[PDB]
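I have placed the structure first, in the form of structure tokens, so that the comments after it can refer back to it.
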Amino acid sequence: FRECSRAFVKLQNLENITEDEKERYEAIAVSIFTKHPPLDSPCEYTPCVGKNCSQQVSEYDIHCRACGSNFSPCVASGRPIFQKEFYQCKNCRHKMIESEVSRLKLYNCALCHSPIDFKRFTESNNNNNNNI
Amino acid sequence: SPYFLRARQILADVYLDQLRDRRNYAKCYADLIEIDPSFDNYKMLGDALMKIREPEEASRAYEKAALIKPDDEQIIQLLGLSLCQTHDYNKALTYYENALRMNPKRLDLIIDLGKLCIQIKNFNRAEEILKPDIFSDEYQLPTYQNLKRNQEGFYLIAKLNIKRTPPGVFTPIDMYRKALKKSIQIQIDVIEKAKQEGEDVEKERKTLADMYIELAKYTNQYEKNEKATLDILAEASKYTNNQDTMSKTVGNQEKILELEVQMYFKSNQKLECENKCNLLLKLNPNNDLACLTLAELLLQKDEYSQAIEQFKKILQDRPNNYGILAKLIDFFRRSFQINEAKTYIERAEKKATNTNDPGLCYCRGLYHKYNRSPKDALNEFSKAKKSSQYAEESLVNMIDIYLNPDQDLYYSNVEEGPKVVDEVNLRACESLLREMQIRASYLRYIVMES
Amino acid sequence: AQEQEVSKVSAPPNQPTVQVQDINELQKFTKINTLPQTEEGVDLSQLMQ
Ligand SMILES: [Zn+2]
Ligand SMILES: [Zn+2]
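From first to last, the protein sequence lines stand for chains B, C and F. In the deposited numbering, each number is its position in the first sequence, counted from 1, plus 1063. In the deposited numbering, each number is its position in the second sequence, counted from 1, plus 694. In the deposited numbering, each number is its position in the third sequence, counted from 1, plus 49.
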């Protein structure tokens, strides 16, 4: 409900809105937030990989406040890259997790549909990282 | 350097508009606080966070400021507003109650608490808090701001009174009228006071005109006292026509003249209502009520002798002319000539500037509904519902499509008679009913729910 | 005989059947997850637009 509250306070006035629409949005917001108070569900605070800070960051968060190290997306399912396993193609160069491909059995790149084998591409990215 | 602050502000301003990053916007003031704390730094980060609409961090910063500044009633009201805007009503209410218990001599705090209590839909406590403080602060009459607070309290009391009215009651509530009259009197007094002090007064003038409009609508809704409304609306029109409000503000006069058009339509005077409609046309070319009333008056003048010819002539003269187009669509449905109807809708759409106009979309939905096609008609009716006008008709047509797809008699005596289809259609009808109860009328809503 | 088999093997959908999978979802999805919205006093139908 924290993200819902942020989205609702964003939605109340973007640039311009008729009075009836704004009143309806406020009615929806007050109904939702007076049925029960905003409760934060617990989750796993995985250790951060962007920097050396011991302050763990929430799984959903990608902003990485106070560090400035934003995380690259994974075009497979949207999860941020929190592991060494990430590769990309030479057509769209987007990070991609091995486990997501294995679960989804994706024969092509999710964005650009590059028709090249993912196993050899993982090997090539591993070689490139070894070069670095 | 004395211009260091301005330099940093400008550097910030070229760092959110050229590079488009909110994080750096926040960081610009974050470094200002972190480098050296002061008695105003938390206030300015709170202001920046409000400008970016991040209520929780601003509330935390204002809490730190209130830690630094002992009383600082400005930080008190800022904290109250921030905690009200964070969509956490329990802690905001607790803070309001604590502050009221501490110092019961803060009128702004009482007004904010009343607004929050109205928001949470707790009328009893809200009224029990509003009435004593508003009825007691009658000793500082010469002061301007105290008069403004009294006016706001009376307005919110009237709003509370009108909120607790179950639908279907047609008894003119006198206490609301008296409270609104006191509010307009105090607003006139404070307008005079603001004129005395050489301050901008047109905003008070326009808000008083809006309150006049609300009073006129309230008095027209229940008791048909046409002369009193006519006089009040003339006074309001004279009251919004000072300074440079002629050109800058146009929605106010639009609402006044729509209201006048509705009253003249009720009074059954074609000439005066036509003159008012001409005034609307000179004001706003995209007025829907003017076109609908003109179509109705033309129907009154001619029905079946040569109405089709003059309607086609008017369609030829004016490109869109949506109301006459809808009437012609109805006639062509009545005469099995939907092909020339399609030609006419294509011709009107070719020069419609914007495709998704409410009138054109409504006409397209009606034409597709009359052509034995429910899907596209439903889509167009849903698209055209996004307006003040045509909402009731579109919702009724959608409900009829959901309930009666083949356009047959509702109850067939030959066999069964009711028609039951799945479960989602009924829930969609319920959603349309919930929209109609706030947008459409009350009697049609009753018919549809029945 | 080979022409039909090869064409069916490849069959590049040019225009006609690029994405033709149109089935009413305004009613199909509303049965999937809208039940606790109607059960509670919540109106999010505006957001679903
Ligand atoms: Zn980190
Ligand atoms: Zn790619």
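Think of the CB as a built atom: it goes at the ideal place given N, C-alpha and C, for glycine as much as any other residue.
query, result
"At a cut-off of 6 Å, is B/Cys1152 close to ligand 2 when judged by its beta-carbon and the heavy atoms of the ligand?", "yes"
"Is C/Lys1044 near ligand 1, going by C-beta to nearest heavy atom under 6 Å?", "no"
"Distance cutoff 7 Å, beta carbons only. Does F/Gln76 sit that close to anything in chain C?", "yes"
"With 7 Å as the threshold, decide whether the Cβ of F/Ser59 is near any Cβ in chain C.", "no"
"Using Cβ-Cβ distances below 9 Å, what residues of the segment 790-817 of chain C are close to chain B?", "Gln813, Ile814 and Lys815"
"If you draw a straight line from the alpha carbon of F/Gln51 to that of C/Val1090, how long is it in whole angstroms?", "58 Å"
"For my contact list, C/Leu927 and C/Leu953 are in at a C-beta cut-off of 8 Å; report their separation, rounded to the angstrom.", "6 Å"
"Can you find the residues in the same chain that come closer than 7 Å, C-beta to C-beta, to C/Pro861, ignoring five residues on each side of it along the sequence?", "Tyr1136"
"Can you confirm whether C/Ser1088, when its beta carbon is compared against all beta carbons of chain F, has any partner nearer than 7 Å?", "no"
"Ligand 1 and B/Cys1155: does any heavy atom of the ligand fall closer than 6 Å to the residue's C-beta?", "no"
"Can you name the residues of chain F whose CB is closer than 7 Å to the CB of B/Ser1068?", "Result: empty, since nearest Cβ-Cβ is about 15 Å, beyond 7 Å."
"Determine the burial state of C/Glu917: buried for a count of at least 16 other Cβ atoms within 10 Å of its Cβ, exposed for fewer.", "exposed"
"For the alpha helix (DSSP H) containing C/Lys815, name the first residue and the last one.", "Where C/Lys815 is concerned, there is no enclosing alpha helix (DSSP H), given that its DSSP letter is neither H nor E."
"Just to confirm before moving on: does the CB-CB distance between B/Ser1187 and B/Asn1154 stay below 7 Å?", "no"
"Give the straight-line distance between the Cα atoms of C/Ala742 and C/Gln956, rounded to the nearest whole angstrom.", "46 Å"
"What three-state label does DSSP hand B/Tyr1150 in the structure shown?", "strand"
"Are C/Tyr756 and C/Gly774 touching if we call contact CB-CB under 7 Å?", "no"
"What is the rounded straight-line gap between the Cα of C/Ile878 and the Cα of C/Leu787?", "30 Å"
"Cα separation between F/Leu75 and C/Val1141?", "25 Å"
"Note down the Cα distance separating B/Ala1129 from C/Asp707, rounded to an integer number of angstroms.", "21 Å"
"By how many angstroms is the C-alpha of B/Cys1127 removed from the C-alpha of B/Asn1189?", "26 Å"
"Looking at C/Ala888 and C/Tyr870, is the spacing between their C-beta atoms short of 7 Å?", "no"
"Do three or more CB pairs link the segment 894-908 of chain C to the segment 926-944 of chain C at distances below 8 Å?", "yes"
"Who's in the neighbourhood of ligand 1, going by beta-carbon under 6 Å from any heavy atom, listed in chain order?", "B/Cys1111, B/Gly1113, B/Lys1114, B/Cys1116, B/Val1120, B/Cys1127, B/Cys1130 and B/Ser1132"
"Under the assumption that C/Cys1055 contacts C/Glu1043 (Cβ atoms under 8 Å), give the Cβ distance between them as a whole number of angstroms.", "Contact doesn't hold; Cβ gap of about 10 Å is too wide."
"DSSP state of C/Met940, grouped into three classes?", "coil"
"What are the boundary residues of the alpha helix (DSSP H) that includes F/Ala50?", "Premise fails: F/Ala50 is in no alpha helix (DSSP H) and is neither H nor E."
"Step through the CB atoms of chain F and report whether any lies within less than 7 Å of the CB of C/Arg1121.", "yes"
"Spatial neighbours of C/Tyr1064 within its chain, please: CB distance less than 6 Å, with the 5 preceding and 5 following residues excluded, ordered by chain position.", "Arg1027"
"Taking the continuous alpha helix (DSSP H) assigned at B/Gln1119, which residues delimit it?", "Here B/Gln1119 belongs to no alpha helix (DSSP H), and DSSP marks it neither H nor E."
"If the criterion is Cβ atoms closer than 7 Å, does the pair B/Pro1101 and B/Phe1064 meet it?", "yes"
"Kindly confirm or deny that the segment 1159-1167 of chain B and the segment 1137-1149 of chain B touch, where touching means at least three C-beta pairs closer than 8 Å.", "yes"
"In the segment 71-97 of chain F, which residues sit with their C-beta less than 9 Å from some C-beta in chain B, listed in chain order?", "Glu89, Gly90, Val91, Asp92, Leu93, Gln95 and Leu96"
"Along chain F, in chain order, which residues have C-beta atoms closer than 9 Å to that of B/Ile1091?", "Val91, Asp92, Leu93, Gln95 and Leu96"
"At least one CB of chain C closer than 7 Å to the CB of B/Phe1181: is that the case?", "no"
"What residues of chain C sit near B/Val1072, judged by a beta carbon separation below 9 Å?", "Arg747, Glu748, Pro749, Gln779, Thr780 and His781"
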